[PDB]
């Protein structure tokens, strides 16, 4: 049973990398610390980490190659699903 949500692709200005903000309380839902996830971005599979920035700020990185695969850039909306590993 995946957690699923729409998210805006965010980017630190002038950098190449992108990410999505996790729109729920990651600490309560998954427990403390980094969370390894099987994720999808518009259906495209990715395995990686939800990481804490300043609590409670959590993000998941969106790699450049996946962004090309689904044709989505910063500012675009993406449908994300998450399953813990």
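Numbering follows the first chain given and starts at 1.
Set 44-52 against 29-37 and average the Cα temperature factors; 29-37 ends up higher. Remark: residue 61 belongs to the lowest third of its chain, ranked by C-alpha B-factor as recorded. Ranked within its chain, residue 85 lands in the highest third, by CA B factor from the PDB record.
In the deposited entry, the Cα temperature factor of residue 9 sits in the bottom third of values across the chain's modelled residues. When the modelled residues of the chain are ordered by their C-alpha B factor, residue 20 lands in the lowest third.
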